[PDB]
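For reference, the chain that follows is the form solved without its partner chain, supplied as structure tokens.
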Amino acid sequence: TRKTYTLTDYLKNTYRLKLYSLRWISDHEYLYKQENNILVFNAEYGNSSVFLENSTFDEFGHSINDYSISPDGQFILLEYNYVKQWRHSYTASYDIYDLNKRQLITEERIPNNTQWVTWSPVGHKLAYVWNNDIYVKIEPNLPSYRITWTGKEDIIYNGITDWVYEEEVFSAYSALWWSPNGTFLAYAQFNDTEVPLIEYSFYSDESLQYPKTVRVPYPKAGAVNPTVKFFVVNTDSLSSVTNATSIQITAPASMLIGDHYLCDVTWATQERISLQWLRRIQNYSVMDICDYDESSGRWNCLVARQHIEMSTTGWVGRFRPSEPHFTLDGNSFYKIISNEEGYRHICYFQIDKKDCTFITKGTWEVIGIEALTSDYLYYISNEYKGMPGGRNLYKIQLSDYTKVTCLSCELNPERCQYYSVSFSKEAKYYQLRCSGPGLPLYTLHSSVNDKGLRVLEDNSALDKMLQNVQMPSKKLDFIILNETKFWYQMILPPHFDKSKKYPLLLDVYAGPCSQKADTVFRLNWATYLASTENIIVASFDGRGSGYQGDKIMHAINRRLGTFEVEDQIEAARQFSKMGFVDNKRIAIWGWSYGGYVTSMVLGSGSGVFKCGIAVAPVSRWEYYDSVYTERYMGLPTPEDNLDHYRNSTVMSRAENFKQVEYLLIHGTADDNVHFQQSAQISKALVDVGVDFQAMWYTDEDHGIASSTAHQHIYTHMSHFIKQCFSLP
């Protein structure tokens, strides 16, 4: 009998997915790491040469974390002393290696404790942030020019985001944007002076006698938010003036009237930048398009070029307004926006005309715009077979919108229903990355004729390994509720027999615009539960879920902890009705938003679930950050939505936990969902005399992702589920 996929398999990564991570350096060449050597590949022919031999930095004296080659290929930026901060942020040391001299640069080094570094998009200028101020080096071995003098720890951030902008607005630590040819450097400045601090203990190595208190400016719902300013500096003037002026571009009057955010920065041309601003009530956004005025040295944004994007049913964008993609001349752009039917499609704008033209339509959504040439726009959508959980690449002819070609749909339709893409610098080539439902498959293609050039990685090694394993299967389908299709997936045990009754674990996330039913191939905890423990692991996309239009997505507007919670309960009831589920053994688990929904479900008194596990749950919306929470909830004030903030807490449901077995887990150094949130759940449970199981993870953050903690948490959870389900 073939072995199963065991817990140790998952935790030790015995069965490894191979990737093909390339970095395009031109329109026809990419870099790829093979046996620690960096190789340069010709895309057209597939031949390679050694770009940088793996012995080059043997005598460097530090383990190199990552590298970045300058666009002109003259220098390599070496990243070491990597110290992680939040989801995206980290600090590091940096050295620059001169590739032509084959020599490390030892003068005017990037300082230690540098927060962010980026090459210009052309050539080899560098911008970096150190002690919250911006510096620019025109040449790697020459002195830096200081751009800002206002940086102040935890207070003023120049060219980097604060906590909430990193996590919820930009999905990045960086807050600087080079113009296309590197002449201008645009940047944001955040001011957190009056933003309250989250404070928590960090215990460190056992050698530390007194715990440290970590203090991070973090606006919880309704609290004082950071303010923001936007500036542009001419880097070509730095060597000519003692102190080059950063020119401010102010937000429009419609934004200045109240609290607001900077939510997008996109350069259109060498002398034109677009900015999107979002009101703190996030159903109203404004794009300004601003041109450099050579005579005054200022940036001016004509009101005739200003574009309003608003929502009557919810917030603007999936998580924020979408980015524009400008035509080469910068006089028009394409942007994903919600159409009159509530489906997200590509609209084409002229910069000085307010009405746009939709170039795609239908009951499906465009996921992203991937590339734009003079003749074609390339985008990813879930159109194919009406499956919201699939992804394919399409090409639309700009001179004739009726001509739309699916580039990926039929390449391998059994194996490949979920694609992403990486285009070369001017879109001459593209790499397709298939991520399921079969094993991932990486292929290279030429744009001139859309022909497949070669297979880059087909995971044949893993395929061979998996043939000797009793792997689970995945079912993706839908149920019909109130004449609406809602999609679900099930990870099914090997040799699945529909005449038997299986225990079921509902794996929940269910946040707004989430999607937990898809065609992606995963090797995870669920794989083990199904393969070794014969547990069905199900997920369901109910009201609030994404990629299916605004009627579904905006259903939870101002009402988190309602329909998305109810729909998970209803999904479990419908799974029972299917006949192969032991109704005495239904469980639920989730992380973060999934931890909140798990806890809300367990506290609902539905009687459907025996047990559940919440990891790093939100418990009360007033504890979570302003940008995310208010997007869906508005403000926690009596004039706005306080009543619902107060009605949607886990704590208020404490008495109902007497009916279930609950395991509550949280990292003590979670900067995102504060340990506070679980500390309040446990206290409410103690106060009503509810017994439950708990586990804290010392010094772990939201990811509980250290090697040892990751192994420990899944091991602890596995015991809990197995006990609940009476599994030996």
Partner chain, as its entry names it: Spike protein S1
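The term rigid core refers to the most C-alpha atoms you can superpose between the two forms while keeping them within 1.5 Å. Numbering follows the first chain given and starts at 1. Only residues modelled in both forms are compared.
This next part talks about the form deposited with its partner chain bound, which is not shown.
Checking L481, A172, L142, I308 against its partner chain in the bound PDB entry, a heavy atom within 4.5 Å turns up for just one residue: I308. Taking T637, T363, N583, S254 one by one, only a single residue has any non-hydrogen atom within 4.5 Å of its partner chain in the bound PDB entry, and it is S254. Contact check for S295: a heavy atom falls within 4.5 Å of its partner chain in the bound PDB entry.
Contact annotation for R279: at least one heavy atom lies within 4.5 Å of its partner chain in the bound PDB entry. For the chain shown alone, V303 is a contact residue for its partner chain in the bound PDB entry, at least one non-hydrogen atom being within 4.5 angstroms. Although the partner is absent here, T250 sits close enough that one of its heavy atoms falls within 4.5 Å of its partner chain in the bound PDB entry. Residues of just one listed stretch (457-465, 414-422, 572-580, 256-264) have heavy atoms within 4.5 Å of its partner chain in the bound PDB entry: 256-264.
When both forms sit on the same rigid core, the CA shifts between the shown form and the other one reach 2 angstroms or more only at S240 out of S499, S240, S207, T402. Mapped along the sequence, displacements between the shown form and the other one of 2 angstroms or more at every C-alpha, sustained over at least 3 residues after core alignment, occur solely at 239-241.
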